[PDB]
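Asker: Experimental coordinates follow, after the sequence.
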Amino acid sequence: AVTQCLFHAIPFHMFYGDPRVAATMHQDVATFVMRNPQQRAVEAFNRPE
Amino acid sequence: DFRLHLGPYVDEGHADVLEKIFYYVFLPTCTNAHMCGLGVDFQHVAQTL
Amino acid sequence: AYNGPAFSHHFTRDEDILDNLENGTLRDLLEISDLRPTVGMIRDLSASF
Amino acid sequence: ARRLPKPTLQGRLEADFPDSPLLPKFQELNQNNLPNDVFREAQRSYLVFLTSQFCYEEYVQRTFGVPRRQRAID
Amino acid sequence: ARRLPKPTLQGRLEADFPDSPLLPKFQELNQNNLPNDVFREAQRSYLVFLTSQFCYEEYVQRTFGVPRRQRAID
């Protein structure tokens, strides 16, 4: 809440795009994995192509 | 009364799963289900405070 | 750099920054972390910009 | 149908500590429609609400902008 | 297409510290080419640029030659 004006998350790599950490510092994937909880695994997480 | 004095719904990346996973795994194993729910009278505790 | 002591340059170096910084976002940034960087090491930190 | 029992709270605050604020904020209650034994509870519920309001407003006064910009002069 | 939200940055420094040596190097701007709030945030950016300038110039002559013989001779 105090760093939404400082940092924005980029899920770019297979090791470094993870939805457990991305849903913390981004309130868009925090809704996306709220609607698709099976995406919370690091292997099946959707990332921008 | 038939009204629910309830706080507003907030969102997370889990959709209530951590609440229920705590209250239905961690407490009944660790406490051996030695708990009972209670009720409070808020005016009484405020008049004490 | 839009804080109190690092802008004035007549606030001395080896004083705590957490008791004279205003209620900016640096205050809630340094409150949830709880370190005490005295002003002047924040000055060149800003001067890296 | 009923409720939970009553805390003790022994001792009276109004006949002990007379230099408290919100003292004209207490004479505006009704007395003729209910006896004294329930007006006791009706003022016990109300003075705690008044001091809850007062500590909340002093809380939001303190935690508004917590330092002051103008204290940087002195 | 857009940037992050702005930080808090409560109050103003120019309305607090008139004794700043970077204040004469502040007023080379122009209000009348843009609205008030965008000019205000441009003033914030120019002020933090000049603050970084003042901290860097007081840094560069500091760590260059503070161990001196002439202070230690006397």
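Answerer: Yes, it's here. Residues are numbered from 1 along each chain as shown, chains lettered A, B, ... in the order given.
Asker: Quick check: residue C:46 touching residue E:55?
Answerer: Yes - between residue C:46 and residue E:55 there is a contact under Cβ atoms under 8 Å: 5.8 Å. To be clear about C-beta, it is placed using only N, CA and C from the backbone, and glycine gets the same treatment.
Asker: which one of the two has more residues nearby?
Answerer: residue E:55 (23 against 18; other Cβ atoms under 10 Å in any protein chain shown).
Asker: still on that earlier bit, so what sits against both of residue C:46 and residue E:55?
Answerer: C:1, C:6 (Cβ atoms under 8 Å, 6 or more residues apart in numbering or on different chains).
Asker: List the residues that contact residue 20.
Answerer: In the absence of a named chain, chain A is used. Residue A:20 makes contact with A:40, A:42, B:13, according to Cβ under 8 Å, 6+ apart.
Asker: Any of these buried? List them.
Answerer: A:40, B:13 (16 or more other Cβ atoms under 10 Å in any protein chain shown).
Asker: Just name the closest of the contacts of residue A:20 to residue D:73, please.
Answerer: residue B:13 (46.2 Å; Cβ to Cβ).
Asker: count of neighbours near the closest residue to that closest one other than its chain neighbours?
Answerer: Nearest residue to residue B:13 in three dimensions, chain neighbours excluded: residue A:23, at 3.5 Å (Cβ to Cβ, 6 or more residues apart in numbering or on different chains). Look at residue A:23: counted by other Cβ under 10 Å, it has 23 neighbours.
Asker: Next one: residue A:23 from residue C:28, what distance?
Answerer: 22 Å (Cβ to Cβ, to the nearest Å).
Asker: isn't residue C:28 right next to residue A:3, touching?
Answerer: No - counting by Cβ under 8 Å, residue C:28 stays clear of residue A:3, with 9.3 Å between them.
Asker: From the centroid of chain A, which residue is nearest?
Answerer: Nearest residue to the geometric centre of chain A (Cα atoms, centre = their mean): residue A:22, 2.9 Å.
Asker: Could I get the buried residue list for stretch A:2-17?
Answerer: Buried residues in stretch A:2-17, counting neighbours by 16+ other Cβ under 10 Å, are found at A:11, A:17.
Asker: hang on, isn't the residue nearest to residue B:13 packed against residue A:30?
Answerer: Yes - if you go by Cβ under 8 Å, residue A:23 and residue A:30 touch, sitting 4.4 Å apart.
Asker: Between these two, which contacts overlap?
Answerer: Joint contacts of residue A:23 and residue A:30 (Cβ under 8 Å, 6+ apart) are residue B:13.
Asker: hang on, the earlier thing: can you tell me which of the contacts of residue A:20 is closest to chain E?
Answerer: Among those, residue B:13 lies closest to chain E (Cβ to the nearest Cβ), at 20.3 Å.
Asker: Please tell me I have it right and the closest one contacts residue A:36.
Answerer: No - between residue B:13 and residue A:36 there is no contact under Cβ under 8 Å: 11.0 Å.
Asker: Pull out the buried residues from the helix ranked longest in chain B.
Answerer: When chain B is parsed with DSSP state H, its longest helix is helix B:42-48. Buried residues in helix B:42-48, counted by 16+ other Cβ under 10 Å: B:43-44, B:47.
Asker: can you give me how far that helix is from the chain middle?
Answerer: Here helix B:42-48 is found 19 Å from its chain centre; the criterion is Cα atoms, centre = their mean, to the nearest Å.
Asker: Using the three-state scheme, assign the residue nearest to residue C:14 when sequence neighbours are not counted.
Answerer: Spatial nearest neighbour of residue C:14, chain neighbours left out: residue C:38 (5.4 Å); criterion: Cβ to Cβ, 6+ apart. Three-state assignment for residue C:38 (DSSP: H, G, I helix; E, B strand; the rest coil): coil.
Asker: Can you pull out the residues in contact with stretch B:15-33?
Answerer: The contact list for stretch B:15-33, computed with Cβ under 8 Å, 6+ apart, reads A:34, A:37, B:12, B:35.
Asker: ok, residue C:2 - how many residues close by?
Answerer: Neighbour number of residue C:2 under other Cβ under 10 Å is 22.
Asker: wait, what's in contact with it?
Answerer: By Cβ under 8 Å, 6+ apart, residue C:2 lies in contact with C:24, E:9, E:13, E:44, E:47-48, E:51.
Asker: And the residue of chain B closest to chain D?
Answerer: For chain B, Cβ to the nearest Cβ, closest residue to chain D: residue B:41, 4.0 Å.
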